[PDB]
Amino acid sequence: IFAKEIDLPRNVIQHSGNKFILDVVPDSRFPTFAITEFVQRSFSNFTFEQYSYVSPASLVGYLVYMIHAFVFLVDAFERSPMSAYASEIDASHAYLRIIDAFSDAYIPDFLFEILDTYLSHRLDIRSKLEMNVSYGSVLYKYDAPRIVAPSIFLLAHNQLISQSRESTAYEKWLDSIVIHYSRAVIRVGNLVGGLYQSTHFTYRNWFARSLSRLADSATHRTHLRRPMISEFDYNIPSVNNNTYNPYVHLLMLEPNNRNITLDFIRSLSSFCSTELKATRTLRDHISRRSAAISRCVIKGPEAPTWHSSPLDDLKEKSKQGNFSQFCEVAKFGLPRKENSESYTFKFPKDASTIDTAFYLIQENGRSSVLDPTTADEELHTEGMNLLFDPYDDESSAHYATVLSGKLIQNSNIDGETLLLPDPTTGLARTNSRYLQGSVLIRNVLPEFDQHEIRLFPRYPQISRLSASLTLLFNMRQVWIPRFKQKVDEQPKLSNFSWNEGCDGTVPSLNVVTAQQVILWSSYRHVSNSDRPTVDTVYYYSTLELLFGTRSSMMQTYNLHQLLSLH
Amino acid sequence: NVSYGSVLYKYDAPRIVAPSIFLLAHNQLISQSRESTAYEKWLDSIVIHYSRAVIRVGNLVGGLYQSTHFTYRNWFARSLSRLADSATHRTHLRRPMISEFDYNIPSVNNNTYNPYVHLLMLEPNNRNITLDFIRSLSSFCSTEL
Amino acid sequence: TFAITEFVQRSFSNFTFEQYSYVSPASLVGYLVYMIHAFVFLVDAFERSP
């Protein structure tokens, strides 16, 4: 009736938002686990006599290699613009020969079940928000054990051949140096979490129990039943913060490794083609597009499968260790430290000269009840996962989600605040609210540095009603009022939530504005096109500020409780 | 009905055959040793600690005593010794990949002994190995037996 | 256990165990003794009242 009079399609302001690239970095421990179990159940059907490099370790390293190769091809040929890590790889003829080698290398149909979840995606209404997979946000002390280096499996190939009749033959593999990171010898036992010291000890977690089968030389007579055999002469690179490129390290593109890398790629591509009946490549697959990248696994506090402690060379035979002595070395779930009492606050001698409710220094009254969660095996190895899906509530589509490695691992964040729309501002700024559920990683504790992890618990959700928190006039900071001497009325101290008894050993505040936050996320954002720094990378603690609470949430087990080792 | 709800350890321990003895026999069956009687390292293997006491395979099968160690071959140990003798280890190493059971020895007493936890290997440092054991041998029985 | 060990003695050479890293005669005997005790737990937990 009033359609032509109001004429609202000709009387609106529309803006679809600014351009925003959302980076996805998969935790490669989970596809490595699936690939190792794939090779376990299929390798005896293969003929490897015409190959001097093919072993189970080499085949697992090839498939993990082709995952990282897919990531480089998406970041270099599909992301606009390409990341600063991929721009450092020169387009010279040697690099182009290796890129053409893994662009036409044959991949089995199993690995595309994982790789179809890494396809790019652009939202419908947010038509300038893009999700794509790239390692352009990767720092080594933040992401090193969650990104499985394929050079570990060449060393496992070297140990799988050796004619030794020792009991646990995978322990020389755990000694093998992978990289030098500026002053630091990082071994396989640092990245897989199977060898520590306090005398060397072996801890067999779910990742090392799976990978130890590839480097155990008790079955070396099966792998030596061939005319000609060779070993990988892998050269250990020395990098620092200024020269670390994850694509050069993961794709083995150092100048003293490019011939071995090329022979590795072509030998195992021919092996997959002739024996695994692999017919497909990555070249016709990096331009595909699907909404499966927005599915992720939400985890709580889990124990590491790594530690950053420096290991010496294994001279003797290693003993068997346990969970608690590993978590003391890995610095996970430590108790609350003791008050050293090095600083002293200035409390007045007369107590009637101040209003003591307005003075933040006690008379040594109440102590804190904040205690960290000590490392327990049932809590931190058997915790349940959540399956996130923004578009459909089907559990058959999370088969590839539990294998892929897209995850948000949240330990202590309980709330994220959304900026409410202002109808008086410009609509570009209103429709460009993209960094809402994100934390800048200046505040995020690194996992592969020598830091301590104390798990102060999230509040129990066993209340009777739902809770929320609303911020007035400014959400960017929480006000603490400072009063003048003569005020209008009595200030009521009922809205002040006190954190009684702080002594440097408990959290004093619970607000991170724009060391303290324990978070890893697959979903990231870099604020520029330069080298990723700690001031430019954001970890997304959730995607529900973007996709809503109307999205599907399903609860499941861990992958090692779902995929058995046989 | 059948239930182990009446089971005390000092009354019923050798008459209830623990399945963790055979994981240790699997560990000794693999080893590349050319010794004469190779089942005697299996008889040394500790099964459980019962409050102060190291109970071995030779205590539960009755094939290893001392008074110098001696081997007595009764009808139960003569049958079970064939599973842990590494004189035929070349038959069992004819495979691409092999692994050993990393079984952890539990320490129990009168207050904490549960026979279902011990027999079913349900200690917290053994549940992953138990799950892989069950599923691997169920798939083996399904495909071969 | 005696009967299971003699069962595995007379049948194990007909088996292909190459696709398994845990299968041996000792493991198969341990599996069958395990499933006896598992039957006992299932009867006591799901059928005995209480």
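Only this structure's heavy atoms are used, side chains among them; waters, hydrogens and symmetry mates stay out. Order of the sequence lines fixes the chain letters, A, B, ..., with proteins taken first and strands second; residue numbering starts at 1 for each chain.
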For this session: Could you walk me through whether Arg531(A) and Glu88(A) pass the salt bridge (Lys or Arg N to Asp or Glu O under 4.0 Å) test, one step at a time?
Result: CA-CA 10 Å; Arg531(A) 300 289 297 270; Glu88(A) 290 177 352; 3.1 Å; yes

For this session: Could you check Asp392(A) against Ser552(A) for side chain to side chain contact (heavy atoms under 4.5 Å, CB included), going step by step and ending with a plain yes or no?
Result: CA-CA 7 Å; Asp392(A) 50 354; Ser552(A) 177; over 6 Å; no

For this session: Quick one: do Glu130(A) and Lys19(A) satisfy salt bridge (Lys or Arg N to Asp or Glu O under 4.0 Å)? Show the steps, please.
Result: CA-CA 8 Å; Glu130(A) 294 178 355; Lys19(A) 183 178 178 180; 5.5 Å; no

Exercise. Given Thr401(A) and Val297(A), is the side chain to side chain contact (heavy atoms under 4.5 Å, CB included) satisfied, shown in steps?
Worked result: CA-CA 7 Å; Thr401(A) 303; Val297(A) 173; 4.1 Å; yes

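Inter-residue side-chain proximity for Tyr118(A) and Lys406(A) is flagged as met; some heavy-atom pair is nearer than 4.5 Å. A heavy-atom distance below 4.5 Å is found between the side chains of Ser137(A) and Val526(A). Put simply, the side chain of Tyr65(A) does not reach to within 4.5 Å of the side chain of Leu268(A), judged on heavy atoms. Side-chain atoms of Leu262(A) and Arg97(A), non-hydrogen and from C-beta on, do get closer than 4.5 Å to each other. Side-chain contact between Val248(A) and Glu254(A) is present, with heavy atoms from C-beta onward closer than 4.5 Å. A heavy-atom distance below 4.5 Å is found between the side chains of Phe72(A) and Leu251(A).
Checked by atom type and distance alone, the side chain of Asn190(A) never pairs as donor or acceptor with a backbone atom of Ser308(A) at under 3.5 Å. Remark: the backbone N or O of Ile229(A) is not paired with any side-chain donor or acceptor of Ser52(A) at under 3.5 angstrom. Looking only at distances, a side-chain donor or acceptor of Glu144(B) sits under 3.5 Å from a matching main-chain atom of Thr16(C). No donor-acceptor distance shorter than 3.5 angstrom exists from the side chain of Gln19(C) to the backbone of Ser44(A), with no hydrogens or angles considered. No donor-acceptor pair under 3.5 Å is formed between the side chain of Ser269(A) and the backbone N or O of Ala105(A).
Evaluation of the salt bridge (charged side-chain N to carboxylate O under 4.0 Å, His left out) test over residues 184-193 of chain A, restricted to residues two or more places apart or in two chains, returns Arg187(A)-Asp313(A). Judged as a salt bridge (charged side-chain N to carboxylate O under 4.0 Å, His left out), the pairs with a partner in residues 268-281 of chain A (not counting sequence neighbours) are, in order, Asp109(A)-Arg280(A). The salt bridge (charged side-chain N to carboxylate O under 4.0 Å, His left out) analysis of residues 78-87 of chain A, with sequence neighbours excluded, yields the pairs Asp23(A)-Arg79(A), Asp75(A)-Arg79(A).
In summary, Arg146(A) and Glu447(A) engage in a salt bridge, as defined by a charged side-chain N under 4.0 Å from a carboxylate O. Using a cutoff of 4.0 Å between basic side-chain nitrogens and carboxylate oxygens, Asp216(A) and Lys172(A) are not scored as salt-bridged. In summary, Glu18(C) and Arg95(B) do not engage in a salt bridge, as defined by a charged side-chain N under 4.0 Å from a carboxylate O.
Separation of the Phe153(A) and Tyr62(A) ring centroids does not fall under the 6.0 Å cut-off. Taking the ring centroids of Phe133(B) and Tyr22(C), they lie at or beyond the 6.0 Å cut-off. Checked against the 6.0 Å centroid threshold, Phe326(A) and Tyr203(A) count as a close aromatic pair.
Using modelled atom types and a 3.5 Å distance limit, the side chains of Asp116(A) and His285(A) yield a donor-acceptor pair. Side-chain contact annotation: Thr91(B) with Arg94(B), donor-acceptor N/O pair under 3.5 Å absent. The closest side-chain donor-acceptor pair between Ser273(A) and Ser270(A), if any, does not fall under 3.5 angstrom. A donor atom on one side chain and an acceptor atom on the other are not found under 3.5 Å apart for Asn45(A) and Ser42(A). Of the N and O atoms on the side chains of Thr117(A) and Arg295(A), not one donor lies less than 3.5 Å from an acceptor on the other residue. No donor-acceptor contact under 3.5 angstrom links the side chains of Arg135(B) and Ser564(A), judged on distance only.
Every side chain to side chain donor-acceptor pair (under 3.5 Å) that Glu113(A) has, sequence neighbours left out, goes to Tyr399(A). Residues passing the ring-ring contact (aromatic ring centres under 6.0 Å, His included) test with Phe46(A) are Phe43(A), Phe271(A), sequence neighbours excluded. Taking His249(A) as the reference, nothing meets the ring-ring contact (aromatic ring centres under 6.0 Å, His included) condition, with sequence neighbours excluded. Listed by chain and residue number, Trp206(A) satisfy the ring-ring contact (aromatic ring centres under 6.0 Å, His included) test with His560(A) (two or more places apart in sequence, or in another chain). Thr274(A) is linked by a side chain to side chain donor-acceptor pair (under 3.5 Å) to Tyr51(A), counting only residues two or more places apart in sequence or in another chain. With sequence neighbours left out, the ring-ring contact (aromatic ring centres under 6.0 Å, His included) criterion links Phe77(A) to no other residue. Considering only residues two or more places apart in sequence or on other chains, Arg209(A) meets the side chain to side chain donor-acceptor pair (under 3.5 Å) condition with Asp132(B). Residues passing the side chain to side chain donor-acceptor pair (under 3.5 Å) test with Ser318(A), sequence neighbours excluded: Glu171(A), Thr202(A).
A cation-pi arrangement is found for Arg258(A) relative to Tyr95(A), the charged atom lying closer than 6.0 Å to the ring centre and inside a 45° cone about the ring normal.
For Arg283(A), the CZ atom is densely surrounded, since the number of other residues' heavy atoms within 6.0 Å is greater than 12. Within 6.0 Å of OH in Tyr557(A) there are 12 or fewer heavy atoms belonging to other residues, nucleotides or ligands.
Screening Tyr85(A), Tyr135(A), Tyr247(A) for a ring-ring contact (aromatic ring centres under 6.0 Å, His included) with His68(A), the sole residue that qualifies is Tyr135(A).
Closest approach of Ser103(A) and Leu73(A) over heavy atoms only: OG-CD2, 3.7 Å. Taking every heavy atom of both residues into account, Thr36(A) and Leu211(A) meet most closely at OG1-CD2, 3.5 Å.
The distance from atom CG of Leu63(A) to atom CG of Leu111(A), rounded to the nearest 0.5 Å, is 5.5 Å. Considering CZ of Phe70(A) and CD1 of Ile107(A), their distance stands at 9.0 Å, rounded to 0.5 Å. With values rounded to the nearest 0.5 angstrom, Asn205(A) atom CG is found 5.5 Å from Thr305(A) atom OG1.
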Donor-acceptor contacts under 3.5 Å from residues 154-161 of chain A side chains, at least two apart:
residue, atom, partner, partner atom, Å
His157(A), ND1, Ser55(A), OG, 2.6
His157(A), ND1, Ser58(A), OG, 3.2
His157(A), NE2, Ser230(A), O, 3.3
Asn158(A), OD1, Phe232(A), N, 3.2
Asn158(A), ND2, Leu154(A), O, 3.2
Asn158(A), ND2, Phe232(A), O, 3.4

